[PDB]
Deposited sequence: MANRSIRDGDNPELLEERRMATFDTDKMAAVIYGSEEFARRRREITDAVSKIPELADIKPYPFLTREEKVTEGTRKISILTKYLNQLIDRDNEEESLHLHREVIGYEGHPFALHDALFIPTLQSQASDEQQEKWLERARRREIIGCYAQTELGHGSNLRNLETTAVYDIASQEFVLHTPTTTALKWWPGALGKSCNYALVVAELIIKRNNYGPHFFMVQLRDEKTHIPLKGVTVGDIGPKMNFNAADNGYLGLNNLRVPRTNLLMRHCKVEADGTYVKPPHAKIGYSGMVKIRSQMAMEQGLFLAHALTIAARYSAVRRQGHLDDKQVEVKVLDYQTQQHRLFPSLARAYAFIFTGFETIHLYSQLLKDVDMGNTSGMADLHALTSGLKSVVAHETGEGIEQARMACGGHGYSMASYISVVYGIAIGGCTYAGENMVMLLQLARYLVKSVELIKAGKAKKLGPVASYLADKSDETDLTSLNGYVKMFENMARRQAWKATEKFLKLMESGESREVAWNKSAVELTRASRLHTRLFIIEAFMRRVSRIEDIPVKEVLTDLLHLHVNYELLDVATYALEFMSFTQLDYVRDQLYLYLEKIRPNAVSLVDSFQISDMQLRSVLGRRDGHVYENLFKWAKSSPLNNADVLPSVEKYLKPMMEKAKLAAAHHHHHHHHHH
């Protein structure tokens, strides 16, 4: 029962939707975590579709950079008016659906306000201070931003140049931007949108958070001591204004310092915040979240690609009278379905880490940590592998559309440009793979120390070493996938040890083995991704849904295993390698008739998809032409530039001498 079937649909897609071996309302429920929310997405989408001003002013690719900032600002101010009609404002699941559909991904004045400004106020500012700002934030009375990275520093928060000196005479922090590289650089909404910022600065006590008003609340003119502006065009996310901040001995009250965990008293005593580095909690929320987000990004690209694949006919197989849908080719299925399997896998992996963090957030209001450290390390590699493999799959989804995928009419290049930033923001991907490697070394540096009973369930499989082998029913793959991770974990570990056993200093001994350590993190991460996927599948009550999700899961483990055979061949035969190589191509064929249904299940409205190639109704060619015909260069037959330059250049070129 494909629920994305409508009248007037392209038969090419219709005949693909009648092939649905499951209910897509059922699958949406699984995808978005509950039957109730999956419904609410459709209700909201329907509620929005009946509000004309919430439509894109024109096709978003047709807009200039400034026209993009305007429209995102236009759309965010209108959305905010209707917001409390359409959703439960404090329901993040709904608010994300509403904004991802209505605003889009390219940015808006409130992006980082909701992404990091509010979540940090929730996890770092005293109940006193939350009363002063947190609801003013949620009421969008003010626009905030998370202002941490500097022009010279982003990855090493131990050497930020921005200063926060306390002057006990007047009980104020003087916040300064000493050097040019000390300038805040990259915070969303810092340059033009926000009038408040959470500025990270050196207190020497390390980096802390300071609420700083940047612009006057009524006039939006910057306050004395404030230099602010945009940082120019970017790879993408250009509807958002990422900016810089210059602070010239800026004075803020002592109580503009966030103090949930730490304290500075009026006389200047500093109460060290419980322990750990609790202030990095905001980053951890994002990192735990983007396994879900980059999962949905990927789903978006595949939704376009899969649908278009089922429409585009090119080349013949058998039957030399009608060309075949390109989705019938093995390479096509190969370059799409594993990534489709990944989309589901990353999202299920996302639900576990999302709940893990919102649970290990309450653990931090009790004096509990170290579930903190165990979560950080996991999401460290998780955001890295996921964003990297997502980016790979999106381009594959783009290129899979042939020539037209390169057109903005596909919109896959936008989804890539947005998503791929996840390989940089919220921690540089290499660095974050290394952070996880520090949790892996520790988990191994324990062999002669015993302490195997201290390991968490995530690291448990390390203090084992019970290889074996086999792969006749799923869990053997998982077993193989621990065996791979384990080996590389020890091997890379013992190599960093050996270079200390021969006396190269720790940090240099750490550097010489940096690549193997990252190789470990990825193997460990992809092991977890599989397990979470498995855990979600075996819970499903509806049998046809469990069935097709099993097909996806079989496809995952074999494509994944073969991508990492270089590590899997300590434990495998070469004949078994051709099994999983044959198994891969079996479930490609198995998935095929469900392909369109599997992406229809995500129930991404056309308003959110923003894709001509990926239109739900499948009327691609007719509307691709309309899209092109209405594009801005087609405003004039003979271009003003041609008349001015090319016409003279040609007249002149006819008269020139033959040398």
What gaps appear when the modelled C-alpha atoms are mapped onto the deposited sequence?
-> 1, 205-209, 666-674
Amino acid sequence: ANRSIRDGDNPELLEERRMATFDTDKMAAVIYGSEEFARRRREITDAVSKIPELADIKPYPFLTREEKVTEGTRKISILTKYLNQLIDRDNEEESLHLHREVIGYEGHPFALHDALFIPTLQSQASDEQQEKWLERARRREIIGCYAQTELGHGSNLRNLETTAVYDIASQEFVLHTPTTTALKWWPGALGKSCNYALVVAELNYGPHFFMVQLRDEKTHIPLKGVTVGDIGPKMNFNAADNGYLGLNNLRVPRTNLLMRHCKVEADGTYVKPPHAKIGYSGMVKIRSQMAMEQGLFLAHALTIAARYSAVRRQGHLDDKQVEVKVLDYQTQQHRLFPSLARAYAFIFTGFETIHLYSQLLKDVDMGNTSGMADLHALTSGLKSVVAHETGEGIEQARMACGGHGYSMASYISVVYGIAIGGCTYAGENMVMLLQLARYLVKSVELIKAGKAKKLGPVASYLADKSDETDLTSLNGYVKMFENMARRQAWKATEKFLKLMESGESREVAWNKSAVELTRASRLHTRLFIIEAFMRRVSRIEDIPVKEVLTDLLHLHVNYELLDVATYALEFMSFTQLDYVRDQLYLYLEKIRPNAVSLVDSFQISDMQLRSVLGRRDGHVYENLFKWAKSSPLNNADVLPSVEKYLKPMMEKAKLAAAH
From here on, numbers count along this sequence of modelled residues.
Higher-scoring stretch by recorded Cα B factor average, 115-123 or 512-520 | 512-520
Mean Cα B-factor check, 420-428 vs 351-359, entry values; winner is 351-359
Can you pull the Cα B-factors for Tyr567, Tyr196, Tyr244, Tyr411 from the entry and say which is highest?
-> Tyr567
Please pick out which of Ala299, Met372, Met211, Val200 has the largest Cα B-factor as recorded in the entry.
-> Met372
With respect to C-alpha B-factor, does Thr303 fall in the lowest, middle or highest third of the chain as deposited?
-> lowest
Could you look up the Cα B-factor of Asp216 in the entry and say which third of the chain it sits in: lowest, middle or highest?
-> middle
Within this chain, which third does the Cα B-factor at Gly279 fall in: lowest, middle or highest?
-> highest
Name the third of the chain's ranked CA B-factors that contains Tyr105, choosing lowest, middle or highest.
-> lowest
Position of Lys479 among the chain's modelled residues by C-alpha B-factor, lowest, middle or highest third = highest
